[PDB]
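Chemist: Chains C and o, in that order, give the protein sequences.
Residue 317 in the entry's author numbering sits at position 59 of the first sequence, and the numbers go up by one each step.
Residue 35 in the entry's author numbering sits at position 34 of the second sequence, and the numbers go up by one each step.
First the structure, then my questions, so here it is.
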Amino acid sequence: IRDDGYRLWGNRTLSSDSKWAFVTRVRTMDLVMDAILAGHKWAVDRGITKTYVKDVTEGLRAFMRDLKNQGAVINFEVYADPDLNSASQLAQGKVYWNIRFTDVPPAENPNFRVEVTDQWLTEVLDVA
Amino acid sequence: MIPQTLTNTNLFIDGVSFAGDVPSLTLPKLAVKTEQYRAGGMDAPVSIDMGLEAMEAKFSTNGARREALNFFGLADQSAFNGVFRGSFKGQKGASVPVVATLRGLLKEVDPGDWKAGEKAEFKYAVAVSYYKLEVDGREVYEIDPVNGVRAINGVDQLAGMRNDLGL
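Right under this line is the structure:
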């Protein structure tokens, strides 16, 4: 936009969905998981014990409060899915978790409502 | 009921029968570890359980019997296996077997006084690491401290603490 070609300007991606409008939304969701996955590589081995599903949640919450600390998210929510953790799923090795979070919004449009008044035309410029 | 009493005992150490030389057996005394619990709003203690006590089974032979002497003090604890058997008679003649398979460490060998004309009795004692009592061929007790199991009628009483500890 400016100054002999100085600054990249837009931040919308080419999405037809307003839930995925910003590249902030797309990049954060993409790289919250790449930090979650690369960091929980022990969950594909390590055959299912009783506290397998608990040690992943507290591991998932711990590598997600590191993300709330540095400002990637705001007030995540991690919990094991209570409705889809069957034992028929567990014999197949499947076990589910829910990793809801909120992304930080970019300040896309700051709005300045500027007005010229004659209010302080008497407060100064007078004998007073 | 019918008046019923033990009449005969037997001992199997490692499958070998001691059917000539065990004058006395002693099953382990199952005692729960009570703490007398007196607290607010009550005048008397109430004795909460805190787990089981340590189990010792002791038995005596009065011959030489290397087939029980060779299990003292091994590096492998819980390698002394052993079956204490009893036949409880009953007045009508229906003999009921009481069989107590147990496993542990033979922890003391006590050769007593050796007087010349007197019968000499080797007193042994094992430190019980597994204990199953069957009465009339039906499981009464099953106590395994490691892999914490306390079954009382086939019903494992420690399923409550097992899920709490994530065992």
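Positions of the beta carbon are idealized from the N, C-alpha and C atoms, including for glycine.
1) Can you check whether the CB of o/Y132 is closer than 8 Å to the CB of o/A101?
2) Do you know offhand how far o/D22's Cα is from C/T307's?
3) Can you find the residues in the same chain that come closer than 6 Å, C-beta to C-beta, to o/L7, ignoring five residues on each side of it along the sequence?
4) With DSSP collapsed to three states, give me the class of o/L26.
5) Taking just the CA atoms, how far does C/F334 sit from C/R358?
6) Name the two residues that bound the continuous beta strand (DSSP E) containing C/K299.
7) Using 10 angstroms around the beta-carbon of C/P363, count the other beta-carbons present and answer buried if the total reaches 16, otherwise exposed.
8) So is o/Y125 buried or exposed if we call it buried at 16+ other beta carbons inside 10 Å?
9) For C/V281, which residues from the same chain have a beta carbon less than 8 Å from its beta carbon, with the 5 sequence-adjacent residues on both sides left out?
10) Given o/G64, which residues of its chain have a CB within under 6 Å of its CB, disregarding the five upstream and five downstream residues?
11) Would you mind giving the Cβ-Cβ distance between o/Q37 and o/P46, rounded to the nearest angstrom? I have them listed as a contact below 8 Å.
12) Can you give the Cα-Cα distance for o/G167 and C/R304, rounded to whole angstroms?
13) Less than 8 Å between C-beta atoms, sequence neighbours within five positions excluded: which residues of the same chain meet that for o/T35?
14) Under the assumption that o/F60 contacts o/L12 (Cβ atoms under 8 Å), give the Cβ distance between them as a whole number of angstroms.
15) What is the residue span of the alpha helix (DSSP H) that C/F321 lies within?
16) List the endpoints of the continuous alpha helix (DSSP H) containing C/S276.
17) Note the first and the last residue of the continuous alpha helix (DSSP H) segment covering o/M51.
18) With DSSP run on the structure shown, which of helix, strand or coil describes C/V284?
19) Tell me the rounded alpha-carbon separation between o/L26 and C/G297.
20) Report buried or exposed for o/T62, applying the criterion of at least 16 other Cβ atoms within 10 angstroms of its Cβ.
21) Using the three-state DSSP reduction, which class does C/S346 fall into: helix, strand or coil?
22) Assuming residue 190 of chain o contacts o/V110 under a Cβ cut-off of 8 Å, what Cβ separation, rounded to an integer in Å, is found between them?
Modeler: A quick look at the data gives this:
1) Yes; because the gap between Cβ atoms is below 8 Å, this pair is in contact.
2) Going by the C-alpha atoms only, they are around 48 Å apart.
3) Here the set comprises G87 and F89.
4) Looking at o/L26 - three-state DSSP - the assignment turns out to be strand.
5) C/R358 and C/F334: Cα-Cα distance of roughly 6 Å.
6) Element bounds for C/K299: n/a, residue is neither H nor E.
7) Here C/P363 is exposed, its C-beta having fewer than 16 other C-beta atoms within 10 Å.
8) Classification of o/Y125: buried, given that the 10 Å Cβ count is 16 or more.
9) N269, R270 and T271.
10) Within the same chain, o/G64 has close Cβ partners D22.
11) Rounded to the nearest angstrom, the Cβ distance from o/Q37 to o/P46 is 4 Å, consistent with a contact under 8 Å.
12) Taking the Cα positions, o/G167 is about 16 Å away from C/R304.
13) Answer for o/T35: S48, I49, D50 and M51, listed in chain order.
14) That pair is a contact at about 6 Å.
15) Unbroken alpha helix (DSSP H) run through C/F321: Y310 to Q328.
16) Boundaries cannot be given for C/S276, as no alpha helix (DSSP H) includes it and DSSP labels it neither H nor E.
17) Segment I49 to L53 is the beta strand (DSSP E) holding o/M51; no alpha helix (DSSP H) there.
18) Under the three-state reduction of DSSP output, C/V284 falls in the helix class.
19) Within the model, the alpha-carbon separation for o/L26 versus C/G297 is close to 59 Å.
20) o/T62 should be labelled buried.
21) Note: C/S346 maps to helix in three-state DSSP.
22) What is shown of chain o runs 2 to 168, which leaves residue 190 of chain o out entirely.
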